[PDB]
Amino acid sequence: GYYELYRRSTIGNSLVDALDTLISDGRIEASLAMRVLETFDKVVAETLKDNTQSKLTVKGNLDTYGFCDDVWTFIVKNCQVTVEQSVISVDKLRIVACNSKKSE
Amino acid sequence: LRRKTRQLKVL
Amino acid sequence: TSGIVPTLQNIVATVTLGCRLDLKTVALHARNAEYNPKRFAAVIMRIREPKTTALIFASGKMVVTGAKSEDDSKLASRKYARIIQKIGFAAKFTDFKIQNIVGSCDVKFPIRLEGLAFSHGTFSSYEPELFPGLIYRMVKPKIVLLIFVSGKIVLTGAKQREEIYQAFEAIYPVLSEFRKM
Amino acid sequence: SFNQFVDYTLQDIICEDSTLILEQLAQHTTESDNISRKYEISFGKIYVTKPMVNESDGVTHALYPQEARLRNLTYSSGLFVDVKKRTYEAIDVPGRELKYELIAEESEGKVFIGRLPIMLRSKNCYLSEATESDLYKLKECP
Amino acid sequence: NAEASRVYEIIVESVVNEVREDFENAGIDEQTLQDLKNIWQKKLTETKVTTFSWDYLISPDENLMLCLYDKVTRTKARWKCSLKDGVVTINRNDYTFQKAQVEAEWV
Amino acid sequence: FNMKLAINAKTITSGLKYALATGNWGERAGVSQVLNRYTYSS
Amino acid sequence: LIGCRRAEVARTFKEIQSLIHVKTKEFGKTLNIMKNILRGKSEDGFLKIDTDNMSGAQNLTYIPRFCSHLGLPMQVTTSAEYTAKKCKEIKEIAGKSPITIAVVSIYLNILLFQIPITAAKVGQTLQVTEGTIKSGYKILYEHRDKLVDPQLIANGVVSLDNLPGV
């Protein structure tokens, strides 16, 4: 299998909010829900690195950082980022990352 | 058990 | 005598917490806890205001480095123990021994290191190709000393102030005779 | 005889046993390591220096027979050969004949192989091109 | 951003092009697909992010960012964070990057 | 693999030096003799 | 390395590493242990005066070998030996490794004698970084008067204006 992060993203939480209604309506089974989330994670793992061309760089001050279960967690605050330039000021930003080694 | 390396007489 | 007292920069201390610890939970819940079990068999936790670094081991042991004074190391180890209490382990602060006290000072004159190596050859080992400093090993007290051409001295390997200090004014008379111009 | 040996026979001896091939069997317990390595060291052209001596402290300078007679040295010159390293690999499929290919590690590169004593007034020696006044300057009898 | 727009477009098209055979194996009707299309479009529009065409312890409308790290090296205070293949949701606006070097100094 | 340790130049050097210093032509005696320097004709 | 240092013929660590694939940290540990037990054996048995044989720098003994490797004339070698002898008085480079000190003195005398060898060629021959050689020459350009042999510029074989500025 692959890594599991993207439900916390907007599309992922929107997708589980969509699928829980069909769970309530009985239109999707639990195994079907698990495998549709798994294939969505595989799809967003494959298509996010090939047909996109933008860039982002983050500079700031990190408050809390952690590394357990081979994921890197950061809480950077008073940070300004650059898109591709256009600069965005963020009061507090959270970074969750996973290793490049394939899981399982 | 098999010999790992050997000399090859070039010809 | 010597007009300068050395200042400390790192103190390494050990603590036994007296209980087995699950490093997975303390890495998941404590804030600045980094657990890579296949890079090191401990979780690395460091906190800001004493600027120390703890190495929490699963057997309940402890190594606290980065402290400037012994009281600062004691306070830092107390705070790490208090973190382990606040997370939900029965980690009692049992003992606290400081192992390494490294301190630096600057004698404010350049030193002839080759002459010092030739004179006190039984204590000094000078290999400037590998390291640009002189390893002086005082037999009493057992404080290894790093002598440099800029006059910067690194005194390493003490258990309290009352070895590193008299190590420095035991090495000052044999450094005054080796001065450059 | 010495000029023939230096000019022609040395290269003939080098080229007779020039190629040194080592084949490393796969010895594969699993099929993931089904590669056989063939390492080849081949000697190329041989080079000879002018007569010279290396001293204790590593300095190498031109040696003349007057100094070599006085200092109990050996009037010899260095031999250098060209060595090209070939690395061949192939997929070790049993039954199928192995077809090796280079992994492009064809490193090549004069390497010192020894000191050949130089007979005086031969083509390699300094005294061959020396005039009578040059021989007198080198304290050699014409 | 049209880039995040078309990235989310190819996300939803790839999902509905992979799941249809799983829906045929499960045996549910085709009508379990275009309803998912319409609810997907309306939830992405109601998110209002991107346009479309259709004491030391760890304890939506939050500036977070999900990614994959290549290498994270660290010095005394500075933090090298080489990040790649991730999504951003800061200030209710979505972004995408190929590489992301992140520098933050540790107090 | 060290290229310098592969070729021992002392092999060729000592072999030629030993077979020329001592007349034993191997590893035939009297092959190489000390040159006579009593007279020019000698 | 101990045997090379004992016979006043000492090589460097990079030489022996070029022969023997030895890890540098444990090589230094092994050398320190061997020096300690050799001094202990000297104290227990017959005592030997060191008279600068176990010296860490030994930079005067590296000049002729490196000059031979660069194919330099003899007077460049003796001028480099004089320069490296006077480089000990300079405190700005007294902490540098003896290899780099010898290389920058050799390069200074190469520029002094108009020897047509670039700093890149010296760096390729002796694996001191061309940045390191250039920085050493730059930091030795201020002390031109003391380093250059006085009788050489007195006899006019070399002159101090030949060295390019920084």
# chains A, B, ... in the order shown; residues from 1 in each chain; ligands from 1
$ residues_around --residues "residue 142 of chain G" --least-positions-apart "4" --cutoff "10 Å" --atoms "only C-alpha atoms" --output "count of residues only"
6
$ interface_residues --of "chain D" --to "chain G" --cutoff "8 Å" --atoms "only C-alpha atoms" --output "list in words"
residues 56, 57, 58, 59, 60 and 61 of chain D
$ write_last_selection --atoms "C-alpha atoms" --output "short mmCIF file (atom, residue, chain, number, x, y, z; two decimals), in the first residue's frame"
data_model
loop_
_atom_site.label_atom_id
_atom_site.label_comp_id
_atom_site.auth_asym_id
_atom_site.auth_seq_id
_atom_site.Cartn_x
_atom_site.Cartn_y
_atom_site.Cartn_z
CA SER D 56 64.68 8.07 0.65
CA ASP D 57 62.65 11.29 0.89
CA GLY D 58 60.75 10.50 -2.32
CA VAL D 59 62.56 12.95 -4.60
CA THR D 60 63.23 11.46 -8.04
CA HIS D 61 65.95 13.01 -10.18
#
$ residues_around --residues "residue 19 of chain A" --least-positions-apart "3" --cutoff "8 Å" --atoms "only C-alpha atoms" --output "number ranges by chain"
A: 15-16, 22-23, 28, 33
$ closest_atom_pairs --of "chain C" --to "chain A" --cutoff "9 Å" --atoms "only C-alpha atoms" --output "tab-separated table"
residue	atom	partner	partner_atom	distance
C:24	CA	A:68	CA	7.1
C:27	CA	A:68	CA	5.7
C:28	CA	A:68	CA	6.0
C:30	CA	A:66	CA	8.3
C:31	CA	A:64	CA	5.8
C:32	CA	A:65	CA	5.2
C:33	CA	A:66	CA	5.4
C:34	CA	A:67	CA	4.4
C:35	CA	A:68	CA	5.3
C:36	CA	A:68	CA	7.0
$ write_last_selection --atoms "C-alpha atoms" --output "PDB file, in the first residue's frame"
ATOM      1  CA  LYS C  24       6.011   5.375  20.687  1.00  0.00           C
ATOM      2  CA  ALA C  27       6.910  10.465  20.638  1.00  0.00           C
ATOM      3  CA  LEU C  28       3.272  10.745  19.572  1.00  0.00           C
ATOM      4  CA  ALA C  30       5.169  15.113  23.600  1.00  0.00           C
ATOM      5  CA  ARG C  31       5.751  18.195  21.488  1.00  0.00           C
ATOM      6  CA  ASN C  32       9.381  18.174  20.319  1.00  0.00           C
ATOM      7  CA  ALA C  33       9.901  14.395  20.407  1.00  0.00           C
ATOM      8  CA  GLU C  34      11.664  12.720  17.473  1.00  0.00           C
ATOM      9  CA  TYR C  35      11.686   8.917  17.365  1.00  0.00           C
ATOM     10  CA  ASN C  36      13.576   7.142  14.588  1.00  0.00           C
TER      11      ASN C  36
END
$ atom_distance --atom1 "atom CA of residue 79 of chain G" --atom2 "atom CA of residue 51 of chain G"
24.2 Å
$ residues_around --residues "segment 2-11 of chain B" --least-positions-apart "2" --cutoff "6 Å" --atoms "only C-alpha atoms" --output "PyMOL selection string"
chain D and resi 21-25
$ atom_distance --atom1 "atom CA of residue 77 of chain E" --atom2 "atom CA of residue 98 of chain C"
25.0 Å
